[PDB]
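Only one chain comes next, encoded as structure tokens, the form deposited in one PDB entry.
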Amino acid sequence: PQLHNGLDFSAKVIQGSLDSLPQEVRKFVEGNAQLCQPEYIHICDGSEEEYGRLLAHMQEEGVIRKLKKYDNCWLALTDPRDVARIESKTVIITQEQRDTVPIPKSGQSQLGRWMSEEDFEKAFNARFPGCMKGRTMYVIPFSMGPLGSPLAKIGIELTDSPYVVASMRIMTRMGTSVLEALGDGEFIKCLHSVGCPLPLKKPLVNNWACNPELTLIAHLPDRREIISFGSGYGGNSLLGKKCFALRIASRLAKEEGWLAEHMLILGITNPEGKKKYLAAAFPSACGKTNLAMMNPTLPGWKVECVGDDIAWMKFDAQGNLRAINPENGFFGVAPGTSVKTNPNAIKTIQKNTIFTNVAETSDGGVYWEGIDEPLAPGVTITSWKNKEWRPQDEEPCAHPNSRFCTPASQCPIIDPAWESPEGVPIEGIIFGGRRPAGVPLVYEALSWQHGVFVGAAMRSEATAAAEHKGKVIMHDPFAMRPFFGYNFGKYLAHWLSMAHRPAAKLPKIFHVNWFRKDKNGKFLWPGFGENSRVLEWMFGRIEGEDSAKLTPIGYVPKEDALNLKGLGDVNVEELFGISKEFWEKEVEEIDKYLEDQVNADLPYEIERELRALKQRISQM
């Protein structure tokens, strides 16, 4: 079939067989092997022996260190320029711009970045030709969702970073059994490269191979392709997480009729024996992981964790909205995680966990800000910059966006239906962000349409998960601003259309704010385990208890409707204070934002809720 045997990469396969691969799978592997020119090709099988050889390889290349204090835990320190997502270098390629972002009325679109095919080709040809020279191309066959389940989606990631392969083994379900489940079916084509072909022209910081100047994460939904270059951080390199399960999945969900959302899933049980499932959409670094793994302070309540970041939801035949966690592990923020805030997280990360950019103690342990554990005398701390660190400096010992990567099956409170292919019925949906003033502790939407408007009007302070600085209050509708896969105006219409389905059991919609501050600059709510008190009120509202009070913004708890026993000193007057002067400015910013950003793709019912809220506020 060839004249010079120049396209047969069989002699370069150090594990696996190209003959064992399906037709379309082999075409994808050999095609990019010819483009990127790798030295070897490694077809992953997901085995324990393979994981052990990846760790030994990375340990011999100085990429990771062994944390001798714990059981099979490893530390990785990256280049300081490659620490988080780059929303400014994340682009979506479609034929028409309106398929990706609503055409703005004045400024530029904040709902995503669009790039034409012609411009992307020039960028692609300036990066990937010969980028894997001297490196190994790993072929990762992974599954998002329960393997063999009809709702699961299979992808193939090609990467030249064993750090990516190890993390993908934790965060997804990968191995040979996924290749057997695929057969001749469709799959998502994922291609990733660090952008440092050997020999190295640039010296690497902390042995972290990266090309920051040429970083680009592109999505082509019409071709089911994800192409990422330059970065190694999880949000940019683990292509099955944000790039696949959110951006690409959101467009597919619009086509097929389901939902891909940036939400946790938890089940909560009351002292009476009843259990309900909720989902909460908070922006990045705004409390999802701490809520899904919460240890309640109310006796008789139990919280079990289904997922903490991504949910795939769909109405079933009976009218129930059912949700599954497509992920296989947790990729959580490290700073702030202590025994008092998230004790269930501490139990989980003690084994088989890969840390990134946290500090290391001299006895082989981890350390970060807010760990709230004193160290024994003589224990020294090495910061994430691989330097000696003292508690009386300015640089923090761990990076503000440092992460841990741990398997979900090790969580002590993991829900016994987190791998069920049928999903869990969602009875409530929670929105919320970081609002230091004005927004009360909790309130409930008036209807399905008002609730969609509440999610569309979400605002929060900027966090360390992106490149935003200044703690400026930005819009983050549905906590999906960095992850929209298609036109946000059509996104809003897709949510509103669920109220038309026959026998639809629409969940209630709440809005919370754990981050309201007083005049002094400190928080008014302890949060963390005490958030169970707010969840108790939600549980009763779903059961139909008459414990709400009508306000111009929604239903708030009545007086003495929240269990505050054990606190008492809480200033309830400021936790639920509704200032007319605050909400008159808030509706103006929402009006100017929606008019400019959504423009002619704004559904009428969203405009009707904006008008109704403005009227209810003017009557105060």
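We number the residues from 1 along the sequence you see. By rigid core we mean the largest C-alpha set that fits within 1.5 Å across both forms.
Higher mean CA temperature factor between 457-465 and 329-337: 457-465, per the PDB entry. As listed in the deposited structure, the average C-alpha B-factor of 567-575 and of 587-595 is greater for 567-575. Residues shown: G307, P199, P425, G432. Highest C-alpha temperature factor in the entry: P199. Of the residues listed, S231, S106, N352, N342, the entry assigns the biggest Cα temperature factor to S106. In the PDB entry, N357 places in the middle third of its chain by CA B-factor. In the deposited entry, the Cα temperature factor of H42 sits in the bottom third of values across the chain's modelled residues. Residue-level temperature factors show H399 in the middle third of its chain, judged at the C-alpha atom. Per the PDB record, residue ranking by Cα B-factor puts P102 in the highest third of the chain. Annotation for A561: C-alpha temperature factor in the highest third relative to the rest of the modelled chain, per the entry.
Form deposited in another entry: not shown, discussed below.
Lining up the core between the shown form and the other one shows that one residue from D518, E256, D222, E422 moves its Cα 2 Å or more, and that residue is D518.
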